[PDB]
Protein chains: 2
Amino acid sequence: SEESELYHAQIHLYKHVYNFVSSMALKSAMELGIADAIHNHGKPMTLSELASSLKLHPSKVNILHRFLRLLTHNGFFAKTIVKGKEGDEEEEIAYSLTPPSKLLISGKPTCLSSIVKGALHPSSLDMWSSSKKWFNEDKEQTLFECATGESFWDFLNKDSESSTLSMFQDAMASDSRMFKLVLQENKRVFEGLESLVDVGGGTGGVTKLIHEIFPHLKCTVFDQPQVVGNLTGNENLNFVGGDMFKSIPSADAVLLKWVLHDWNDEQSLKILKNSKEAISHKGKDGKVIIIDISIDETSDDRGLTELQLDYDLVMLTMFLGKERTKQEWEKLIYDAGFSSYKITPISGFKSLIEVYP
Amino acid sequence: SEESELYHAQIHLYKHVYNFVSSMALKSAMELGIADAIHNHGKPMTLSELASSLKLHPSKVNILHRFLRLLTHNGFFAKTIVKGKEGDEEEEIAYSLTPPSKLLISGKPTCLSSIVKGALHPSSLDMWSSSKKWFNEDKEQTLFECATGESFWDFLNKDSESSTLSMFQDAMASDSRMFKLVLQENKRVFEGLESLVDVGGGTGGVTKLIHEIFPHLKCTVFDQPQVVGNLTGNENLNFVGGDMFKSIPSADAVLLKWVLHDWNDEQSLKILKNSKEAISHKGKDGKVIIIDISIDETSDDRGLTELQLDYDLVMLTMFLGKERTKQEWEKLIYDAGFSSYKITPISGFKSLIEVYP
Ligand SMILES: Nc1ncnc2c1ncn2[C@@H]1O[C@H](CSCC[C@H](N)C(=O)O)[C@@H](O)[C@H]1O
Ligand SMILES: Nc1ncnc2c1ncn2[C@@H]1O[C@H](CSCC[C@H](N)C(=O)O)[C@@H](O)[C@H]1O
Ligand SMILES: Oc1ccc2c(c1)OC[C@]1(O)c3cc4c(cc3O[C@H]21)OCO4
Ligand SMILES: Oc1ccc2c(c1)OC[C@]1(O)c3cc4c(cc3O[C@H]21)OCO4
């Protein structure tokens, strides 16, 4: 027969069709403030208690229940049994948070809420209804532009989209501070360093975070003359204006945070070569630190690769941008003259790459 | 520390945030006719060949590539290496279909295309932007009605939505014929039967499919007097008008296809009790066959449960409908007086339940 494969095949097909539902359910849990509700309660919450805290109309309680059932199954909540109140009520299910949902508790350094809201915002999703036309047109543009008629950036700067613009900014600011946790969780990367040059460090926001964890590290914020201006620092902070394609101030290490993903291979190679020279004096002790995405298709964590590819598609459909695979990074690294490198997964699906001369 | 859980937590959180992308990518592959393109080719296709077959503008080729990479990773295509054409070209990747994507080949009894298109249509997705308001309002309605101002049914019958209405109808007709495969893949369920009563069989469409596989089975289409009318049959087909809550014509087996999911427990119990009586004369040899969804949270196939819950949420947000869990079915079955039952997974995530007196 071999056609009896139909079932095993349908299952796989349907699971991918209805996956979107799990995202919408996560979106709902964060917009309803369920995490904060449970967190503020202080202990497992029952349906009714949660419903009361959310101030739901009675008819919306069973809806809350349904979403909860799915979210619980997806690991965003844990079910517990708690006896009712005053004899009559028997036993009730109580919901507790899990590591994933704790990332939804507002007012905390770990809150990824703004990113969940932004990633699943209509401005992120609605454009897909234009996907077929987008594939079949002759104009080269983002899916967002194809569906909207304008670039995402322009759309955001509209006055009628001010709130959306804030939301997006909240997502970035959140993505930026998430880097502090990256430093805290990977001190080993910076421990033996006496100096570090932050390429494209702009006005020093990133270096400031670096100093919040490594205050003795001599950091140099390197960027264009016009961006760094006359900016001054202190004993362990200085600003240098130049062109990274010509040279990079020397230091024990070169940090390239979200810098190379905006450049093609040719331009990225130059930057990496100037980075190797920037650490040459330190010999084999120097290192270059790259912070960008790295997709490893051979990884055994298929789910992670899928997530990385998923994000890659978002970059594609919204900005026509791209993320590199582990292999593309390896080629740049070796073509640049480096000897070895080490990839450390950070922030759920991003990467921290240590490159050695 | 225990806070180092952040990464493991972020991964889980992000995967669920970006899951929707995998659905949109599947949607794109079906709207682009990639399956048919490869199928019609007859053998693994290269990027360019596929691009040529789809008649893509050169700028859209890398986009095709990206979607392909993600879809391949998700198991909808298999990568193969084929040498170029005429020396200069080296080796090129070639894409082959997989069981899942073969379900996308049009013009076949197994084509689930219409369902993919319908499930991921804007009319299915856009309403989610109204989810927060929906949870916080006092009006009891579907999410679709909350976002649109009208019921899905009314929306479909608009003249401006005629094509959408056709699409939806194509999805149902496709879901209906899929039942033929169900019969072919589960002949064992009907083999020892001499007679069968198709409750709510309407005008006999389902019975006709049943006769296409079991032509000697004496089938009785039972429905309301007004729906069955004076309709006549033949040796093995007859129509009987009545009220299933009062009684069901006797037969070796009672078929309840998509009948009980439209009734509450009270009403469903009556139907099941009348079904047990309809087969009483056949003694312990009789059986009742239920075709509806059954969600088993204790199942080891978490993915299947998630898909079932996902679908359940779709029913909820669009029709305010609901699907039963294995336990709810068990209670109805035993409350009805039956002794045992057996669940057989069908059509990716639906169920066929054999109930025994
Ligand atoms: N020739 C050049 N030399 C140095 N910096 C340059 C440059 N051309 C562009 N840039 C810088 O490229 C930077 C890209 S922003 C990269 C992200 C940043 N390191 C962060 O942590 O957020 C900008 O700050 C821009 O001023
Ligand atoms: N009292 C009653 N007795 C018998 N059928 C009834 C009924 N009230 C409603 N129905 C029938 O309920 C059916 C629900 S349709 C269920 C799906 C159908 N068996 C299929 O295979 O597609 C309708 O055909 C309707 O006429
Ligand atoms: O450096 C970053 C950090 C986070 C995000 C970025 C880029 O873009 C993709 C994204 O999916 C996204 C898309 C959005 C949005 C926020 C948002 O956050 C997510 O608001 C509207 O559209
Ligand atoms: O008995 C069935 C069979 C298939 C489907 C049903 C019910 O509803 C949910 C669905 O997700 C769906 C929703 C739709 C659609 C088609 C469609 O198909 C899917 O067209 C517009 O919205």
Side-chain angles (χ1 to χ4, degrees), chain A residues 4-26 28 31-32 57 59-60 63 66 69-70 73-75 99-100 103 110 112 116 119-120 122 126 128-129 131-132 135 138 140 181 185 297 303-307 309-311 313-314 316 347-349, chain B residues 4-26 28 31-32 57 59-60 63 66 69-70 73-75 99-100 103 110 112 116 119-120 122 126 128-129 131-132 135 138 140 181 185 297 303-307 309-311 313-314 316 347-349:
Chain A
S4 60
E5 197 161 52
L6 71 319
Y7 181 61
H8 210 287
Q10 293 184 64
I11 313 174
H12 188 286
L13 180 285
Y14 282 121
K15 293 161 70 170
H16 280 274
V17 167
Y18 293 117
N19 257 345
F20 79 87
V21 173
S22 288
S23 298
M24 297 303 88
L26 171 61
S28 298
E31 48 184 39
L32 292 181
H57 174 276
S59 71
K60 305 298 185 172
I63 297 173
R66 296 280 221 74
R69 184 171 62 183
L70 173 56
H73 180 276
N74 285 177
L103 298 176
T110 48
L112 300 179
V116 174
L120 303 179
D126 296 346
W128 285 96
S129 56
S131 61
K132 184 176 186 175
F135 275 98
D138 291 321
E140 170 164 46
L181 295 180
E185 215 80 59
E297 307 182 58
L304 171 55
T305 299
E306 192 188 329
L307 163 56
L309 291 164
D310 281 328
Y311 184 88
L313 223 62
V314 173
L316 176 59
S347 315
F349 64 93
Chain B
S4 60
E5 197 161 52
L6 71 319
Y7 181 61
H8 210 287
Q10 293 184 64
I11 313 174
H12 188 286
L13 180 285
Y14 282 121
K15 293 161 70 170
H16 280 274
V17 167
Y18 293 117
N19 257 345
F20 79 87
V21 173
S22 288
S23 298
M24 297 303 88
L26 171 61
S28 298
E31 48 184 39
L32 292 181
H57 174 276
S59 71
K60 305 298 185 172
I63 297 173
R66 296 280 221 74
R69 184 171 62 183
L70 173 56
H73 180 276
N74 285 177
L103 298 176
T110 48
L112 300 179
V116 174
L120 303 179
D126 296 346
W128 285 96
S129 56
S131 61
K132 184 176 186 175
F135 275 98
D138 291 321
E140 170 164 46
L181 295 180
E185 215 80 59
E297 307 182 58
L304 171 55
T305 299
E306 192 188 329
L307 163 56
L309 291 164
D310 281 328
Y311 184 88
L313 223 62
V314 173
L316 176 59
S347 315
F349 64 93

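The figures here come from the full heavy-atom set of this structure, side chains too, leaving out hydrogens, waters and symmetry mates. Order of the sequence lines sets the chain letters (A, B, ...), proteins ahead of strands, with each chain counted from 1.
- In this structure, the portion of B:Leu103 lying under 4.5 Å from any heavy atom of chain A is its side chain and not its backbone.
- Chosen from A:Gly303, A:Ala25, A:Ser131, the residue pairing most often with chain B at heavy-atom distances under 4.5 Å is A:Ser131.
- Looking at B:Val17, both its backbone and its side chain come within 4.5 Å of chain A, counting heavy atoms on both sides.
- When all heavy atoms are compared, the tightest approach of A:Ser23 to B:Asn19 is OG-CB, 3.5 Å.
- In this structure, the side chains of A:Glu297 and B:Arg69 come closer than 4.5 Å at one or more pairs of heavy atoms.
- Contacts between B:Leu112 and chain A at a heavy-atom distance below 4.5 Å involve the side chain alone, from C-beta outward.
- Annotation: maximal heavy-atom pairing with chain B below 4.5 Å, among A:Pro122, A:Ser129, A:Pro99, occurs at A:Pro99.
- By number of non-hydrogen pairs under 4.5 angstrom with chain A, the leading residue of B:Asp310, B:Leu316, B:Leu307, B:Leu70 is B:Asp310.
- Contact count against chain A (heavy-atom pairs under 4.5 Å) is highest for B:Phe135 among B:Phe20, B:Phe135, B:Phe349.
- Across every non-hydrogen atom of A:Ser22 and A:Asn74, the tightest pair is OG-OD1, 3.2 Å.
- When each of A:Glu31, A:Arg66, A:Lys132 is scored by its heavy-atom pairs under 4.5 Å with chain B, the top score falls to A:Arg66.
- Only the side chain of A:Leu26 comes within less than 4.5 Å of a heavy atom of chain B; its backbone N, CA, C and O stay farther away.
- In this structure, chain A has heavy atoms under 4.5 Å from both the backbone and the side chain of B:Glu306.
- A:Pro100 approaches A:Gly75 most closely through the heavy-atom pair CG-O, 4.0 Å.
- Annotation: side-chain hydrogen bond (donor to acceptor under 3.5 Å, both in side chains) contacts involving residues 4-17 of chain B, sequence neighbours excluded, are absent.
- Between chain B and the options A:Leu120, A:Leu181, A:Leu304, A:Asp138, heavy-atom pairs under 4.5 Å are most frequent for A:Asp138.
- Note: B:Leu32 leads B:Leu32, B:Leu6, B:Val314 in heavy-atom pairs under 4.5 Å with chain A.
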